[PDB]
Structures are given as C-alpha cells and as structure tokens.
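Structure first, commentary second.
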Amino acid sequence: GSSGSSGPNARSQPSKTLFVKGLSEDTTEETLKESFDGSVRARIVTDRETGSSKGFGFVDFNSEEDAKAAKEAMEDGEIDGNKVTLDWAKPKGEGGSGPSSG
C-alpha cells in the first residue's frame, strides 16, 4: 500500500512537452491533443518518404506541472485503440555522458 512521491521524481527538472510514442499512422494531432485533458496544443511527426504520420509526436503544455498531471492520466492510456508511451522529451548525448558515480 505504501504509495507516495514528491516533485518530478527525477534528477533534473521535468519537461513541458510530453513525448507520445506508439500512435497509429492515422492518429492525428487532434486525437493526440484531446488525449491529454489540459494540454494546449499537439504535434505529430511525419515521414519525408511516404509522407504519413510516423506514429509519434508531442504535446505542448502551459507548464511542466500540467504536463506531468496529464502524463499520469494517460500513463496507461491508448490513443486510437493503440497503446502510447509518454516520456519527457529529453536528449541523451554522443552516447552516454552525464549520470555517473565516480
């Protein structure tokens, strides 16, 4: 039962835009936006060869807070009958430099 967290629960501050991966080639920014009750806008990536929705985009929020609160909601949500994974749009680097012990 013991359940409870504080803050973003990460090393650095959270992101305002939520990364949504696992959409349907048809999934439009429209269905992606609504999916998150609170967001202000939505974006979807498209291929340059085929010119069709790759299957992932992003959801812009007024603030990291609103975004997070929306992430937990759609945490296990599925857009257009398809499971989607929400993750904080954050880079990585030239491989793996940053988080370490010694």
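Can you tell me which of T27, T50, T85 moves the most in a GNM of the chain? Springs connect C-alpha atoms under 10 Å apart. Among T27, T50, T85, the largest GNM mean-square fluctuation belongs to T50.
Centre-to-centre, using Cα atoms only, the stretch 60-85 and the stretch 1-49 are separated by 5 Å. Viscosity 1.002 mPa s, temperature 20 °C: give me the Stokes-Einstein translational D for the chain in µm²/s, with Rh taken as the Kirkwood radius over C-alpha pairs. For the chosen part, D equals 144 µm²/s.
GNM on the chain, alpha-carbon springs under 10 angstrom: the most fluctuating residue among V59, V20, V40 is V40.
The residue among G102, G77, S52 whose Cα reaches farthest toward the positive pole of the charge dipole of the stretch 23-102, with charges on the beta-carbon of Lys, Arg, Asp and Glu, is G102.
All of the numbers you see were taken from the coordinates with simple rules; none came from a lab. Heads up, the Cβs are rebuilt from the backbone with ideal geometry, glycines too, and the neighbour counts pull from every protein chain shown.
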